[PDB]
Amino acid sequence: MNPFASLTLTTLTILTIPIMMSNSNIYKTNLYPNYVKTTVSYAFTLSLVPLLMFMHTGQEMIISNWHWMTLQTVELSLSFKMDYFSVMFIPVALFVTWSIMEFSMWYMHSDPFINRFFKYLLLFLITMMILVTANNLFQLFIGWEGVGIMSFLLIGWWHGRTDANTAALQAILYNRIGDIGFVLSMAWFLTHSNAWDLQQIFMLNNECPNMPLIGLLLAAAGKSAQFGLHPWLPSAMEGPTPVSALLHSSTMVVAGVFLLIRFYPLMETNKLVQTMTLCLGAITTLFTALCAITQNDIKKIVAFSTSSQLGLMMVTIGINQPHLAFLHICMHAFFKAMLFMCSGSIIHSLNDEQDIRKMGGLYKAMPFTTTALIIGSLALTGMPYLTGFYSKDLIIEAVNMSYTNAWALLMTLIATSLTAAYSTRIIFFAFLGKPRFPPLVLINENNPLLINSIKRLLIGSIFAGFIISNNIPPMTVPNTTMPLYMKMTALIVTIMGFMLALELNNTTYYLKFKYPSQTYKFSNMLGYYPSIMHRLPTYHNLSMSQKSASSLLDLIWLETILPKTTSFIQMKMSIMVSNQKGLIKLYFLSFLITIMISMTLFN
Amino acid sequence: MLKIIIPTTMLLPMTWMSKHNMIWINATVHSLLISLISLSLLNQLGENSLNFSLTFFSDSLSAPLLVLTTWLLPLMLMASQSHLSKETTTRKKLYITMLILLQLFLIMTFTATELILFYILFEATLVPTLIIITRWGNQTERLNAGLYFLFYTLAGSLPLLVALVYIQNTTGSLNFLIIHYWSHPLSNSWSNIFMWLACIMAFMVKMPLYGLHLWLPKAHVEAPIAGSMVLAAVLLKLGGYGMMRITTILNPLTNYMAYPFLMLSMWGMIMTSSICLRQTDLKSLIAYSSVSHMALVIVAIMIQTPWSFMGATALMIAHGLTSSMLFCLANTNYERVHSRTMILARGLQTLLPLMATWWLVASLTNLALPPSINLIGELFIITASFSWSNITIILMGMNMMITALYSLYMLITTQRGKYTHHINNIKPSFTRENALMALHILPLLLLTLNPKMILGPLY
Amino acid sequence: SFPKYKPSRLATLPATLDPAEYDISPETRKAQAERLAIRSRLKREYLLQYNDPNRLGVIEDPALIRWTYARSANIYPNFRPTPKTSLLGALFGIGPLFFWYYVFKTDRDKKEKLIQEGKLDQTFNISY
Amino acid sequence: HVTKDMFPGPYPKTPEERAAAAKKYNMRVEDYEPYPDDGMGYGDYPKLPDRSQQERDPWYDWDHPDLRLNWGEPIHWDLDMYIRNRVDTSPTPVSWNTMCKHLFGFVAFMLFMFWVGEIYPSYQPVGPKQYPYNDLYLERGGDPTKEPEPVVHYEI
Ligand SMILES: CCCCCCCCCCCCCCCCCC(=O)OC[C@H](COP(=O)([O-])OCC(O)COP(=O)([O-])OC[C@@H](COC(=O)CCCCCCCCCCCCCCCCC)OC(=O)CCCCCCCCCCCCCCCCC)OC(=O)CCCCCCCCCCCCCCCCC
Ligand SMILES: CCCCCCCCCCCCCCCCC[C@@H](O)O[C@H](CO[C@H](O)CCCCCCCCCCCCCCC)COP(=O)(O)OCC[N+](C)(C)C
Ligand SMILES: CCCCCCCCCCCCCCCCC[C@@H](O)O[C@H](CO[C@H](O)CCCCCCCCCCCCCCC)COP(=O)(O)OCC[N+](C)(C)C
Ligand SMILES: CCCCCCCC/C=C\CCCCCCCC(=O)O[C@H](COC(=O)CCCCCCC/C=C/CCCCCCCC)COP(=O)(O)OCCN
């Protein structure tokens, strides 16, 4: 009865079977990656049904099957929430994961531990599913830590590389800084509303105070790589290309924005937190776009593009349009996964080369790859009637006509212009000029796995925006009437960015040379943020850890106070008392003295 | 209870009349059998207790600690089976005798319906530990470590005896049931302040509190493996158990006498977590981690709220199991390397993959990862302290971040990277070590399914 | 003319911009020769101990043992109470404790005063 | 298997003592400089340059390639601080002072301009939104037994 609950639990259950089978015999063969890919595809095609039923009726449901434990008046149970957000984000994540796994079956064919890689990917997918479908804050925290741990394990895939371990530890550090605010919010909610369940939290908090919302915003900033804690996302590219294509591109990094979306009934009631998150989104999108303008590593450019999109949806949350932010999450998944898959194809075809200085004429050498990358870039920049349009155009329109901060407006407009600019930079520097790779041409894409994985996301990034936009009930008040000049501001600014970037990139052909300006050095070195913030704090803290805490206090003064002073005093007293020459003259003189003292004192 | 105490006593004649080549088998089998018998005690009721007789009673606070104590001994035997290969039969039998005596004293301690009997066994637990540390220790600093461990404990616990006999003289009984039922408020006076200090300091020194923790790194570093696990797992919980038992008569003085200890613990957790980052030794790093966790437990107990007590019990059990596992892994590394230095052996994951998996699981559990009971206790204490004051969250979050940092530093330095070239005696890991790690870790992931068994009487 | 690179503690002077190796004197060459000589002596000892087929253990490193002993077990015997050491110890071991005590005492006093006045709105605060 | 002499010793004022220590640490006598004789317990341990350990010659055939170390050479007091996994002092293309100045200026300017824009917000030439039933009084909070003051809307 009502297959909604049955299928919505069965998808998450069937995603777990290969993990159970990982100790079986199939794990020791080469059939495991295909097994995992088929399992993910079946889970996607099964979870596609609750989406249809929700679209037809508007079905919503929460399932609290297993009662974990009761703490006096609080009950913790394994509760899954299957609202619009969950039922819509399950198929997108499963589809992207299916394409990424099929791509990895070709990209990582030479890795001896490919089965372990696929098992790690499946574990990350399961944990993200748990995070998305969670109903109480404890289960959400379980997913929150699981995705972070899987990201740590997958960033440092190559244990020999020191930079991989450094990036993994850096990501864990920033995620724990966010978890500080997450735990603050959890504790506040339990101690004030007496429940970690979302229903009671929504009901009991008509006017949510500043502290829990600031904690939630800090957690979202930590995991979505906002300006305060951005560098971990660009640094997380030390892992294999499929990992950065699935985890740190479209699925794991949208966890903070999804957390902010989930608590939107409380966000609207507070005005200071909305302003703070809008400002954070604006500053971070501008900063990462500006950094991506002049980057030279392709994966770095796409990572900064991901960070900019994350900041854009944080801005969308700021102007109180959570559903639009969710829609942009859904579209960005598709086209950003496309872009990373194309970048991985180029990298593999060019013998593990990532610098765009060594990519030349690939428009004709790799026709399917360049057409996929062109479609993805045009969708990203906001070309009308594409997947990115249905989200970004509405984002900009809603942002332009709200009683918001003006500096955020200007920053968002400059950010989208710079987005167009760096898309132009990627295309021009990797597909237009004369070839610059080593003479031994090893270009080859004629592999069915790569072609099929790219074409599925191609059909997606072409039609899914239209399908999803026209197949869901309305949840926001439309902006029907708008000034014509402001109606086209997104297109005008994107075209201006295209023209400016192309004109400035064409000047590199001229046979003139000039040393860089201060602005170029600032933009290439990532605002000098990774340098200073990774040398000034850390060092100092570590210095104290050896100077004050370890040596000076523990090994010197704490030893001097209790044990050493006692030892010295007892040694001195023992030396004083036991040093008697053995003369009975002094003994009996002391006896006379004590006899006199007791005679005159104790009477 | 005698169904548990009597077999533990019979373990001694069983060991002493065993054949020269079968002591380990018999000791392990019968220790495991004893643990199964101890499982029955776990079924506590929401009412008072399982008052067995006039001398022994069991609560839902004593049950998890008793089960852990009975479970630890087989693991101690399997850990000690390695370095005692070249030891004479009499000395091996003496070692097993010391371990059995320690278990018997702990079992009699944890129930101990009367406070003077509790104190007597609480100090009796000190002789076998000192003998183990100072006799079967490798380094030449084991003597100084034994002296520190003896005197730090005894100096704190000596005023406790005077306080207890004074309480018996005035109150008239030291039975814990009568003490709980007839409790009366403590007036704010200098005499009552010093009674509070005498009754508290004896348990705070053993936990240990920051500033009195100097004995713990020495005792943990210089002791053999079995002494290390019994110190980190059970002997640290004696102070917390005693404090949670004895804070029933110190109200309402504690309401303002907890400030120095609360501040000391909430700052020493940060200090020792930072110390763990810059460490050249593995066992010292694990010992300082234990100090940090016990400081958190001290904060929880001093807050004195139901969530504080539940989190304190959960953290006690979880930290015991995790620290025992970490000491096991460090000992397995040291046996092959013979150096006990973190950066001397590197990249061991390429050579020993399964031990790398065990290292990862132990570090994740120490990192307080959900839904493990480590994080259950951590989060309960965090919420209780937040209710106590909203500013504690800063210190607790800083501690959490530093804990993650040093845990992953310990994992990365010893497991990841390029292997050291001039070491060629890294033999494949035996079945004994893998079984030891599995038996350490599986109870944690099993207890995460039934948390109510380790949440204490205030559940 | 070009802007000068000013080194700092966390960004040291590059070897190329350093002027010590441009003012070369015969004693500097002698010093470099001795440095290379002792380094090569150590390298030869290590390689002789490293390629030995009979060796089946870990090559003990005197430098590592010396470093560990200096870091851990040689701090107190070389410690002397001086105004700098005493001031640093008092500050770093006392100031944070009293700072946090004052902060928490003030917060709890404010909370208790609000409770006594009753203007705190403690509704639904069941768990504590 | 190490003699007592090999172990670290207290700071020595005399040149002969200094020479003995420099030879012990496997370094030149005039290349050896102990930490200043302060209260801190450095004692007789060479004060190697604070130069990091990431920027050692990456092409030399080190005995420990990952740490960039040689067997037997003196070890920096703060090696665990500089292991290429932590703070490194590699020279940077831009000076440290100018880097700090530029970053602080950018952040402060951004914050100031965000505050300025908050002072002067941006909106549209429209009036407040109008909701039918007493500004949706029943649907926001409820309290139906209070009969709120009824707000009427002006058709224009
Ligand atoms: C309502 C009316 C609507 C109309 C509005 C206006 C319409 C358009 C007007 C045009 C406006 C600007 C368009 C040109 C963009 C600049 C391009 C350029 O010339 O670059 C060459 C030139 C240097 O290039 P280079 O070193 O020779 O390159 C070496 C090779 O070429 C190596 O080359 P490569 O191959 O390695 O890579 C080349 C790469 C490398 O290029 C770069 O170096 C990146 C630097 C350029 C980014 C600047 C663009 C936006 C800046 C936003 C700043 C936010 C506030 C930050 C505040 C900082 C305060 C310190 O360049 C590119 O790929 C493309 C560049 C981006 C162009 C496309 C997007 C720009 C259009 C959007 C901006 C305005 C339209 C807004 C639309 C919305 C309507 C309002 O750039 C500059 O000279 C900088 C110009 C602007 C910098 C402003 C910041 C000055 C701050 C000084 C201190 C102020 C006092 C602070 C006091 C603080 C107290 C606390
Ligand atoms: C399909 C079934 C699934 C569930 C199976 C569960 C099996 C559980 C087995 C494990 C039991 C754990 C031990 C429990 C010990 C605590 C209880 C014990 O103390 O009770 C004693 C009784 O214990 C039993 O008599 C003996 C049980 C010991 C053996 C347990 C089964 C497994 C033993 C395995 C040993 C090794 C097997 C062979 C290996 C080669 C004394 O009872 P008593 O205080 O008088 O009772 C008074 C109340 N009365 C009057 C109503 C009775
Ligand atoms: C070092 C590592 C840690 C070791 C353990 C540290 C914990 C020990 C600290 C002791 C806790 C507090 C002790 C006394 C608390 C009472 C409150 C008192 O201190 O405050 C004022 C008391 O005034 C003064 O403090 C009087 C005492 C001054 C003398 C005590 C020594 C102070 C410094 C010594 C520090 C040494 C500690 C370590 C010793 C080895 C309030 O004045 P008043 O309201 O009128 O009296 C309140 C008591 N009444 C109500 C019963 C009358
Ligand atoms: C690791 C080292 C730790 C050392 C711990 C030592 C300090 C422990 C705290 C003080 C211990 C002694 C307390 C006495 C035992 C309690 C007995 C009691 O409460 O009776 C009081 C008696 O109180 C006392 O006599 C206390 C006198 C204390 C003398 C010994 C001083 C020891 C050191 C004092 C300062 C230490 C406090 C901080 C120690 C921190 C740890 C170093 C009631 O007196 P009545 O006769 O009944 O009066 C009723 C009629 N009006």
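Thresholds applied
- Residues numbered from 1 in each chain as written, not as in the entry; some residues may be left out.
- Chains lettered and ligands numbered in written order.
- Part of a larger assembly, values for the part shown.
- Heavy atoms only, no water.
- Residues with missing side-chain atoms left out of burial classes, pairs and counts.
- Axes fitted to C-alpha atoms, helices over the stretch in contact; angles between N-to-C directions.
- Helix = DSSP H or I, 4+ residues; strand = E, 2+ residues; numbered from the N terminus.
- Parallel < 35°, antiparallel > 145°, perpendicular 65-115°, else oblique.
- Contact = heavy atoms within 4.5 Å.
- Nonpolar A, V, L, I, M, F, W, Y, C, P; charged D, E, K, R; others polar.
- Expected span 1.5 Å × (residues − 1).
- Bend = angle between axes of the 7 residues up to and from the residue.
- Buried < 20%, exposed > 50% of the residue type's maximum accessible area, 1.4 Å probe, protein only.
- Salt bridge = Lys/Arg side-chain N within 4 Å of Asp/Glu carboxyl O.
- Near = heavy atom within 4 Å.
- Buried area = accessible area lost by both parts, 1.4 Å probe.
- Polar contact = N/O pair within 3.5 Å; in protein donor to acceptor, adjacent residues only side chain to side chain.
- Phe/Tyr/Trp six-rings, centres within 6.5 Å; stacked < 30°, edge-to-face > 60°.
- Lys NZ or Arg CZ within 6 Å of the ring centre and 35° of its normal.
- Areas by Shrake-Rupley, 256 points an atom, 1.4 Å probe, with all protein chains shown as cover.
- Pairing = 2+ DSSP bridges.
- UniProt positions renumbered as here; feature names shortened; annotations may be inferred.
- Patch = residues over 30% accessible without salt bridge, like charges linked within 9 Å, V, L, I, M, F, W, Y side chains within 5 Å.

(A) A look at the packing of helix α25 (residues 536-578) of chain A against helix α3 (residues 83-117) of chain C. Between α25 of chain A and α3 of chain C, the least distance of the axes is 11 Å, while the angle of their chain directions is 105°. Relative to α3 of chain C, the element α25 of chain A lies roughly perpendicular. The residues of α3 of chain C that touch α25 of chain A, namely those facing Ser 548, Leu 552, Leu 553 and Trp 557 of chain A, are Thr 85, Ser 86, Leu 88, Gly 89, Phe 92 and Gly 93 of chain C. Each residue belonging to the contact of α25 of chain A with α3 of chain C can be placed in one class, and the counts come to five nonpolar, five polar and no charged.

(B) Representation of helix α9 (residues 190-206) of chain B within the structure. Residue and element names in this part refer to chain B. A rise of 1.5 Å per residue sets the reference length of α9, with its 17 residues, at 24 Å; its end C-alpha atoms lie 25 Å apart and thus fit the reference within 8%. Where α9 bends most, the angle comes to about 35°, and this point is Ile 200. Among the 17 residues of α9, 12 are classified as buried, and the element is accordingly described as predominantly covered. Among the residues of α9, those classed as buried are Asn 192, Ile 193, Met 195, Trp 196, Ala 198, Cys 199, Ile 200, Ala 202, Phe 203, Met 204, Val 205 and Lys 206.

(C) Examining the pattern of salt bridges more closely. Summed over all chains, the structure comprises 28 salt bridges over all chains. Linking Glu 238 of chain A and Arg 161 of chain A is a salt bridge whose minimum nitrogen-to-oxygen distance equals 2.4 Å. Of the two residues, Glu 238 of chain A sits in the loop between α10 (232-235) and α11 (241-251) while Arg 161 of chain A sits in the loop between α6 (137-155) and α7 (162-193), which places them 77 residues apart along the sequence. Taking relative accessible area as the criterion, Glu 238 of chain A reaches 24% and is therefore assigned partly exposed. In the salt-bridge network here, residues are joined through shared partners; they are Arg 278 of chain B, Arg 71 of chain C together with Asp 78 and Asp 80 of chain D.

(D) Molecular detail of the site of ligand 4. Taken together, the neighbourhood of ligand 4 is formed by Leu 562 of chain A together with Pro 159, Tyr 166, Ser 191, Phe 194, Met 195, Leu 197, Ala 198 and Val 205 of chain B. Positioned at a junction of chains, ligand 4 has nearby residues supplied by chains A and B. Sorting the residues of the shell around ligand 4 by element identifies α7 (142-171) and α9 of chain B as the ones contributing at least two each. The element that contributes the greatest number of residues to the shell around ligand 4 is α9 of chain B, accounting for six residues. The residue makeup of the shell around ligand 4, split by class, is eight nonpolar, one polar and no charged.

(E) Region of interest: the interface of chain C and chain D. Contact residues are listed per partner, giving 39 residues for chain C and 47 residues for chain D. Approximately 3800 Å² of surface area, both sides summed, lies buried where chain C meets chain D, with 58% of it carried by carbon and sulfur atoms. Per-residue buried area on chain C facing chain D is highest for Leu 10, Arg 66 and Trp 67 of chain C; these three make up 17% of the total on that side. Taken together, the links from chain C to chain D amount to four salt bridges. The greatest single-element share of the side of chain C that touches chain D, amounting to 11 residues, is contributed by helix α1 (residues 26-50) of chain C. Residue composition of the side of chain C that touches chain D, by class: 18 nonpolar, seven polar and 14 charged.

(F) Highlighting the side chain of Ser 127 of chain C. You can see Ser 127 of chain C is positioned in the segment after α3. Among the polar contacts listed, one links the side chain of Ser 127 of chain C to the side chain of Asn 194 of chain A, at a separation of 3.0 Å. Among residues more than four places away in sequence, those in contact with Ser 127 of chain C are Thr 73, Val 74, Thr 191 and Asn 194 of chain A together with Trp 307 of chain B.

(G) View of the packing of aromatic side chains. This model, assessed by the stated rule, comprises 73 aromatic pairs over all chains. Seen in terms of ring centroids, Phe 522 of chain A and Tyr 528 of chain A are 5.5 Å apart; in terms of plane orientation they differ by 85°. Their pairing is edge-to-face. For the pair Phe 522 of chain A and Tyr 528 of chain A, a shared accessibility class is recorded, and that class is buried. On the numbers, 6.2 Å between centres and 65° between planes, the contact of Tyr 35 of chain D with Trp 77 of chain D is edge-to-face. Linking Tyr 35 of chain D in the loop between α1 (15-24) and α2 (96-119) with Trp 77 of chain D in the loop between α1 and α2, this pair joins segments that are 42 residues apart in sequence. Across the pair, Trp 77 of chain D and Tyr 35 of chain D agree in class, each one buried. Chaining the aromatic ring pairs together yields one cluster made of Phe 54, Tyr 84, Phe 85, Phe 89, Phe 258, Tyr 264 and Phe 326 of chain A. In this structure, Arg 425 of chain A is placed above the aromatic ring of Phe 429 of chain A, and the distance from its NZ or CZ to the ring centre is 5.0 Å.

(H) Molecular detail of the site of ligand 2. With respect to spatial proximity, the complete set of residues near ligand 2 consists of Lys 3, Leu 36 and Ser 40 of chain B. Protein burial of ligand 2: of its 1200 Å² of free accessible surface, 16% is covered by the chains.

(I) Quick peek at the packing of helix α4 (residues 84-107) of chain A against helix α16 (residues 322-349) of chain A. All names here are of chain A. Running from N to C, α4 and α16 point in directions that differ by 0°, and their axes come no closer than 11 Å. Relative to α16, the element α4 lies roughly parallel. When α4 is examined against α16, the residues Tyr 84, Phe 85, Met 88, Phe 89, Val 92, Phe 95, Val 96, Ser 99, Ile 100, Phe 103, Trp 106 and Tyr 107 are found in contact with a partner set consisting of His 323, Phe 326, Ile 329, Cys 330, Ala 333, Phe 334, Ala 337, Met 341, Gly 344, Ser 345, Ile 347 and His 348. When grouped by side-chain class, the residues that make up the contact of α4 with α16 number 19 nonpolar, five polar and no charged.

(J) Spotlight on the pairing of strand β2 (residues 74-81) of chain A. All names here are of chain A. The buried fraction of β2 amounts to six of the eight residues, a majority that puts the element mostly inside the structure. In the sheet, strand β1 (residues 62-71) pairs with β2 via eight bridges, with the strands oriented antiparallel. Paired with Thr 70 across the two strands is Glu 75, which belongs to β2. Counted between consecutive antiparallel strands, the loop separating β1 from β2 contains two residues, among which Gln 72 sits at a positive phi close to 55°.

(K) Examining the interface of chain A and chain B more closely. Counting residues at the interface gives 48 residues for chain A and 53 residues for chain B. When chain A packs against chain B, the two sides together hide about 4500 Å² of surface, and 73% of this comes from carbon and sulfur. Across the contact surface, chain A and chain B share one salt bridge. With a shortest N-O distance of 3.5 Å, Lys 218 of chain B and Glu 559 of chain A are connected by a salt bridge. Taken together, chain A and chain B are joined by 14 residue pairs in polar contact. The set of elements that each furnish at least two residues to the side of chain A that touches chain B consists of β1, α6, α7 and α25 of chain A.

(L) Expanded view of the UniProt feature "transmembrane region" (unreviewed entry) in chain D. In this numbering, the UniProt entry assigns the feature "transmembrane region" (unreviewed entry) to residues 103-123 of chain D. Span residues 103-123 of chain D is 81% helix and 0% strand, its end C-alpha atoms 32 Å apart.

(M) Spotlight on a nonpolar patch on the surface. Residues and elements named next belong to chain A. Side chains of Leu 484, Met 488, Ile 492, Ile 495, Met 496, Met 499 and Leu 500 sit close together on the surface and give an oily, nonpolar patch of about 710 Å² of accessible area. A per-element tally of the nonpolar patch places helix α22 (residues 489-506) first, with five residues. Summarising the element assignment, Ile 492 is placed in helix α22.

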